[PDB]
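Chains as they are written, first to last, in the deposited numbering: chain A, 338 to 385; chain B, 771 to 877, 886 to 1177, 1182 to 1224; chain C, 916 to 1011; chain D, 1060 to 1107; chain E, 50 to 337; chain F, 579 to 700, 705 to 741, 753 to 770.
Listed below in structure tokens is the structure:
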């Protein structure tokens, strides 16, 4: 299963079941947004 | 001018004037890996699942970079197996007796190597916690490439060695210069002082006979003047220092192109995937994201190709550095121009950013008087007994008619059996009869 | 105008590229190689290139032959056909 | 002008790519000539 | 541009300690522009009776991409009074006035320089303490020396220092009544007013036209002691301005109260690439 | 074109304030411009009336907020990941870039990767190159172990094998005369 694991994507590239001692960098962890911030105009509306 | 008689003219010097040539050889480039998926599709699920149709491009990029970094590690590992000296003499604060050596370690690196690393504009790579420093401070200044990693999706890998093991290697190399550079084969190691080694190197190549080398300690003064005048000028006029800076700048530009191609739109409505997702609907959302995907993949392929070229050239200059360590540092060289200018006396090497820095001390003669000189001398009574000089010349002294001088410094001396050799007679040899040197007496 | 077909050195000033002059004259390059020819006998006799023994070219050739191309003194002083063979080699150079 | 621009753009891109190819090949050629100049220096010191 | 003369600051952003190439509307390095000057009128011994202007009204120019104006560069120094060349007084800052429009022609007696449809007019008022911008139809009035009348030389604006510039009480509609003497204002859409602090320092002004309207830029309110120009108004003018002219202005002063007014310079704007140097505090003090 | 913006109307009872979420990764929609980042209190550096401060590469690095402060943005961070693999033993370890061991956890639950699982063991170990998972600290030295980690560190496998151990490459001193 290619996307299961770090070793899994190690194996799916190199197209092989017996990847050599291929000491990758693998995909990184990116942070999750713990909140949301919004600013804009207050108390004024576009006048149609 | 070329005489017509059986004499010839000499043009022999009257000054030592040690000088330093100060070369730099690059042995490596910095190792970079790229997280292809993160670089192209910046964490956006839609982009990644469009990219699944480009599965093997990222694998090819990753594998090429992995191979290049493995080659860099092999180059440094094999370079430092020849820099290694089998035997060595411990470095102590007074190492060269009357010769100043600022190549010693201040309790680690050395003074000249510290100065070399300080004077060069290098961004700190942060191998320990470079992750934490980039939001506890953020970008230090404009175009913080070493901090654009963890953002763009590339990473600078640490070198194979510490600074401490590299300093240990070059210090063990400095501690063997006198002893391996005295005798034949580097099987044995005569632990002689540095001054003795310098005097044997001068008596040898820079042919200056024993009387002078034992008649001067201004030789140490001139050596110290050369080494001291070295450590002031790490300025823009110094051309090897400029090469060190050029190598550092090449590393920086390689990173900056990656960092700067993420703001390119490649013809899309925006260079941000989130903006495209926000503004459009999937049918043409895909068509706009595809432009960014293809643009970023091509820039990343170009980066990989240039990195391969750079590593290929650095692997050749590492072999050149190995040849210079074996030729110039661990021995005295007969080749002209290979180590430095003048006649090579002694060489030192320290670590420089991405390579090695050599200081070649050579011998520079200045004041040339001419002289009239003879090819050889025969006995007029017995014209079969003839002598020729070894490592020097027979000069008609104007202060016995004939005296001997060393090859590289004018200082006339009596002709003895120690500076002559018996040779077969020749038509150009002088047939002297009146006052006769001891080797020719019967 | 164009001297003949595909006058590349004259397509400049048209296409928009330019060939820059070399750093040196022909005269300074010739001066360098002539000063090099004028030192062959003298620097190539003795050890260290600190001193310069201004000996004739024939003496230098005889020392080079007596040395590497080990041919002892009796012969090198027994032949001037050595100069003839040298001149044959150099002459046969400049035809082909 | 509306399609005048679209036709001139083809020439612009074509000429820029040929000019980039020229620059890349010139860099390769100069890089190799700089190494053979060191070989010539070695031959002058060694052979001449 | 080594002093960054006539630079419009980039519209939606700022930088710090950076050098950038910017594409924008800029004047030419070394451009001389057009110099205009205002003078006092004819004063026959404590009674001003005739205005004294130059020929600006006939000289209709092209409003290609907008323009920038250098105001009060010669102030704080001594110069001549235009009407009496021998007399010399300290130079003081005055403010320009402009008529802008989309169609231009000639008046009744053939004199060039009449704007036909809705016309944008920028007039200073209050002895140089407010700027008044309006956009409407100028119908020439009849009568002596009026554009629809006879003996029409040129229209002009004026203000009387004796009455309109009394300390503490500046007439804020003087020089708008003057404009109303030569013209009748009909059918107009806005009449905006901007208060100006009174001082004697070099100032920069600028005007451009986009699909969003007519943008007015000035050095004041953001960079007073530099010269960078930041937008301060957008006027609802959507018919493309194509011609402009300078309104002559003459003061009705007295030989005791006759003074010298600085000249102002108008330079055109073109789409150019510039190299801008943003200081640490984000101002442009240097360009190429 | 403007320092302000034309935005839709929202519900004005939320906690979407910069001053509260100061120092942690957040989505932001400050005005027409939006993205992700980390805000900090920071010394005002641009022109205040032009509320957005950009860099040479055209992305936000500073913001003048409606509360009267200047915040300088910081680009929410990524943790680099690397796998140390030994094919003969079939053992593995995880090297976490150049990060401190207190930014990582056994589940890494505050990050996202799009790799569903993470390599399995059975704590973190801080090394000059980063934080490792699956290595046991040892006082060993070697001449090589085929798995260089950088900074003269090396990952020794075994010969059911246990965890790989963290050794250091030793300098072999020459004969001292």
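Backbone N, C-alpha and C define an ideal beta-carbon position, used for all residues, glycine too.
Chain F contact residues for residue i, given Cβ-Cβ distances below 9 Å
i: residue 905 of chain B; result: 676, 710, 711, 712, 732, 733
Candidates the options, of which the one nearest residue i by Cα
i: residue 681 of chain F; options: F:670, F:658, F:699, F:664; result: F:658
i: residue 1029 of chain B; options: B:1195, B:817, B:798, B:942; result: B:798
i: residue 364 of chain A; options: B:895, B:800, B:796, B:810; result: B:810
i: residue 1097 of chain B; options: B:1168, B:1133, B:1110, B:1087; result: B:1133
i: residue 1175 of chain B; options: B:1195, B:1165, B:1168; result: B:1195
i: residue 715 of chain F; options: F:733, F:734, F:686; result: F:686
i: residue 287 of chain E; options: E:262, E:119, E:157; result: E:262
i: residue 273 of chain E; options: E:111, E:254, E:230; result: E:254
i: residue 824 of chain B; options: B:1169, B:1074, B:1120; result: B:1074
i: residue 77 of chain E; options: E:331, E:315, E:332, E:326; result: E:315
i: residue 193 of chain E; options: E:239, E:168, E:232; result: E:232
i: residue 1070 of chain B; options: B:873, B:1054, B:874, B:1015; result: B:1054
Partners in chain F for residue i, counting only beta-carbon separations shorter than 7 Å
i: residue 279 of chain E; result: 627
i: residue 329 of chain E; result: 623
Residue-level contact to chain I via CB, residue i, 7 Å cutoff
i: residue 754 of chain F; result: Note that chain I does not occur in the displayed structure, where the protein chains are A, B, C, D, E and F.
Whole-Å CB distance - residue i paired with residue j, under 8 Å assumed
i: residue 857 of chain B; j: residue 949 of chain B; result: Actually they are not in contact, since the Cβ atoms of residue 857 of chain B and residue 949 of chain B sit about 14 Å apart, beyond 8 Å.
i: residue 806 of chain B; j: residue 980 of chain B; result: The Cβ separation is near 59 Å, so there is no contact.
i: residue 65 of chain E; j: residue 271 of chain E; result: About 16 Å separates the two Cβ atoms, so there is no contact after all.
i: residue 206 of chain E; j: residue 146 of chain E; result: 6 Å
i: residue 336 of chain E; j: residue 56 of chain E; result: 6 Å
i: residue 900 of chain B; j: residue 1131 of chain B; result: 6 Å
i: residue 801 of chain B; j: residue 842 of chain B; result: 6 Å
i: residue 130 of chain E; j: residue 309 of chain E; result: 5 Å
i: residue 756 of chain F; j: residue 717 of chain F; result: 6 Å
i: residue 846 of chain B; j: residue 938 of chain B; result: 5 Å
Amino acids of chain A, ordered along the chain, whose beta-carbon sits closer than 7 Å to that of residue i
i: residue 655 of chain F; result: 368
Coil, strand or helix - residue i by DSSP
i: residue 214 of chain E; result: strand
i: residue 620 of chain F; result: coil
i: residue 83 of chain E; result: strand
i: residue 1162 of chain B; result: coil
i: residue 670 of chain F; result: strand
i: residue 1143 of chain B; result: coil
i: residue 786 of chain B; result: coil
i: residue 357 of chain A; result: coil
i: residue 1096 of chain D; result: helix
i: residue 237 of chain E; result: coil
i: residue 850 of chain B; result: coil
i: residue 696 of chain F; result: coil
i: residue 188 of chain E; result: strand
i: residue 909 of chain B; result: helix
i: residue 155 of chain E; result: strand
i: residue 761 of chain F; result: strand
Contacts that residue i makes with chain B (C-beta to C-beta distance below 8 Å)
i: residue 636 of chain F; result: 1041
i: residue 1079 of chain D; result: In chain order: nothing, as chain B lies at least about 11 Å away.
Interface residues of chain E facing residue i [CB-CB closer than 8 Å]
i: residue 646 of chain F; result: Here the premise fails: no neighbours, minimum Cβ distance about 17 Å.
Listed by chain order, chain A residues near residue i by CB distance under 9 Å
i: residue 933 of chain B; result: 362, 365
Listed by chain order, chain E residues near residue i by CB distance under 7 Å
i: residue 580 of chain F; result: 61
Chain-ordered chain C contacts of residue i [CB-CB under 8 Å]
i: residue 983 of chain B; result: 962, 963
9 Å Cβ cut-off: residues of chain C touching residue i
i: residue 780 of chain B; result: 966, 967, 968, 969
Cross-chain neighbours of residue i in chain D, by beta carbon under 8 Å
i: residue 1114 of chain B; result: 1104
Residues that residue i contacts on chain A, provided the C-beta gap is smaller than 8 Å
i: residue 1053 of chain B; result: Under the 8 Å cutoff, chain A gives no residues; its nearest Cβ is about 17 Å from residue 1053 of chain B.
Just checking, does the segment 312 to 323 of chain E make contact with the segment 66 to 81 of chain E on the three C-beta pairs under 8 Å criterion? yes
Please determine if the segment 594 to 614 of chain F and the segment 630 to 650 of chain F are in contact, where contact requires at least 3 C-beta pairs separated by less than 8 Å. yes
Take every Cβ of the segment 688 to 695 of chain F, pair it with every Cβ of the segment 914 to 927 of chain B, and state whether three or more of those distances are shorter than 8 Å. no
The segment 722 to 729 of chain F / the segment 363 to 377 of chain A touching (three or more Cβ pairs under 8 Å): no
Are three or more beta carbon pairs between the segment 177 to 193 of chain E and the segment 239 to 253 of chain E nearer than 8 Å? yes
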